[PDB]
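Read through the structure below, which is laid out as structure tokens, and then see the notes.
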């Protein structure tokens, strides 16, 4: 597999679970519940292609 | 007997702290190198 080079990347930011908003506004926070939050551009999985 | 284990654990903690400091130093180093490259980029 491929992962983000935490050193060589220019703007690497170690983001914990408590701050990954992907699929926001449509999934519960840190647990399967009702949808929570607002829609927003995501911030997590780092693109490794494109 | 547990004194040696205490010293070894202290050694591991010191190594971890040293690794963290080394990583942050390397990060500052990369930042400085990139900044210098950008500054020298505009000159020619």
Task: Calculated FRET efficiency for the pair residue B:18/residue A:26, C-beta based, R₀ 35 Å, to 0.05 - done: 0.20
Open item on the list: I'd like the orientation of helix B:2-42 relative to chain B: the angle between its Cα long axis and the longest Cα principal axis, in ° from 0 to 90, rounded to 10.
Closed with: 0 degrees
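When the convex hull of the Cα atoms of chain A is projected onto a plane and the area is averaged over all directions, what value comes out in nm²?
4.6 nm²
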Open item on the list: I'd like the distance between the alpha-carbon centres of segment A:24-42 and chain B, rounded to an integer number of Å.
Closed with: 36 Å
Task: Contact order normalised by residue count of chain A, Cα under 8 Å, 6+ apart, percent - done: 34 percent
TODO: Quick one: give the max-minus-min coordinate of the C-alpha atoms of chain B along each principal axis, largest first, in Å.
DONE: 66, 8, 5
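Every number here is computed from the coordinates shown, using simple stated rules; none is lab data. A quick note on method: Cβ atoms are made from the backbone with ideal geometry, for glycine too, and the neighbour counts reach across all protein chains shown.
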